[PDB]
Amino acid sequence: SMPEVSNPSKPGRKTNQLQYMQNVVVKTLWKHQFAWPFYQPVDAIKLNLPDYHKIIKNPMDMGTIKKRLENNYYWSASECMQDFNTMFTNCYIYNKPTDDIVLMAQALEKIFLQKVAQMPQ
């Protein structure tokens, strides 16, 4: 896929921090009532966003993040944080500050930031 969820040349593993990213960070956000627009890649056709992929060059979604964790794709929890930040930043870049999707992203980001601040090690 694009972005990729597997790469045979890239070292990957599951540390305590990556276990925390999966079992605490991703799983908590997945249960949130505002998380569903982020489970899958943005569908620019269904949503009538013809310029979406002209503006957003590094797409990211929580389904991709979940698969990366399931595949031991990451070496560092910092990479998982990067993916979340790409997802949030993409939302803030593309959309108007008043769009409901932006408020939904802000709610998830606050939980992401709180859980990351409490990550051990």
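Rigid core here is just the name for the largest C-alpha set that superposes within 1.5 Å across the two forms. The first residue of the sequence shown is number 1, and the count goes up from there.
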{"property": "Farther-lying stretch by C-alpha RMS in 7 other deposited structures of this protein (rigid core fit) among 79-87, 37-45", "result": "37-45"}
{"property": "Outlying stretch relative to shown form, 68-76 versus 46-54 in 7 other deposited structures of this protein, C-alpha RMS (core)", "result": "46-54"}
{"property": "Stretch with the higher entry mean CA B-factor, where the candidates are 65-73 and 30-38", "result": "30-38"}
{"property": "48-56 versus 75-83 - greater average Cα B-factor per the deposited record", "result": "48-56"}
{"property": "Chain-relative CA temperature factor third for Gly12", "result": "middle"}
{"property": "B-factor third for the C-alpha atom of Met21 within its chain", "result": "lowest"}
